[PDB]
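Residue strings, one per chain:
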Amino acid sequence: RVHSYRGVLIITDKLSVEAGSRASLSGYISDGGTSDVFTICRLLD
Amino acid sequence: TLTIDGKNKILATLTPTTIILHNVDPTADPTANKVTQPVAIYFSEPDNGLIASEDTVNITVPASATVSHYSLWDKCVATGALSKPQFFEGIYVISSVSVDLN
């Protein structure tokens, strides 16, 4: 005899994922800041 | 009416190295109607007058093609019809193929 058969086709894979990252920061040496009220001043003791 | 020893000695000399698929029946003419390129196949040692391929075989069927039969080469030594024809492109999976004298 000569016979044949069939089987299910099987495949394999490696899927993987990656993201990465970042960071940020901004500033400066302050002076005076900000104030709503801003007027000439006299300071007694 | 060969004994098991004769069948085992006989089958040890079959060395089909490759297989090819055909859309037309290759029994009448095994040289034409090539659907897929040759794919290597491996066969085990004879036992009780029978041999089978040791591992699965994967074949790439070209575009818009159909497969109906197969033929073994090493020269041609055997032919046979697939269990069912199939119009696919894709991969056709052939499990163990057995040659028997029983």
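Residues numbered from 1 in each chain as written, not as in the entry; some residues may be left out. Chains lettered and ligands numbered in written order. Part of a larger assembly, values for the part shown. Heavy atoms only, no water.

Looking at the entry header, you'll see cryo-EM listed as the method and 3.1 Å as the resolution.

Right, let's get into the sheet that holds strand β5 (residues 66-73) of chain B. Residue and element names in this part refer to chain B. On the basis of which strands lie adjacent, the open sheet formed by 4 strands has the order β2-β1-β5-β6 and antiparallel pairing. Edge positions in the sheet fall to β2 (39-40) and β6 (76-87), since each of these pairs with one other strand and no more. As defined by bridge partners, strand β1 (residues 18-22) adjoins β5 across 5 bridges and the pair is classed as antiparallel. Residue pairing in the sheet places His-22 in a bridge with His-69 of β5. (Pairing = 2+ DSSP bridges. Helix = DSSP H or I, 4+ residues; strand = E, 2+ residues; numbered from the N terminus.)

This part takes up the environment of B:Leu11. All names here are of chain B. Looking at the element boundaries, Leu-11 is found in helix α1 (residues 4-11). A relative accessible area of 4% means that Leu-11 is categorised as buried. The spatial distance from the C-alpha of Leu-11 to the C-alpha of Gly-49 is 6.9 Å, given a sequence separation of 38 residues. Among all residues touching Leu-11, those that are not within four sequence positions of it are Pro-46, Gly-49, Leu-50, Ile-51, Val-99 and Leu-101. (Buried < 20%, exposed > 50% of the residue type's maximum accessible area, 1.4 Å probe, protein only. Contact = heavy atoms within 4.5 Å.)

Turning our eyes to something else, we now look at the packing of aromatic side chains. All names here are of chain B. One pass over the structure, following the stated rule, counts 1 aromatic pair over all chains. Both rings, one in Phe-88 and one in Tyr-92, keep their centres 6.4 Å apart while their planes meet at 85°; by these two values the pair is edge-to-face. Classification of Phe-88 by relative accessible area gives partly exposed; the value is 30%. Judged by relative accessible area, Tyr-92 falls into the buried class, the value being 0%. (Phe/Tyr/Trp six-rings, centres within 6.5 Å; stacked < 30°, edge-to-face > 60°.)

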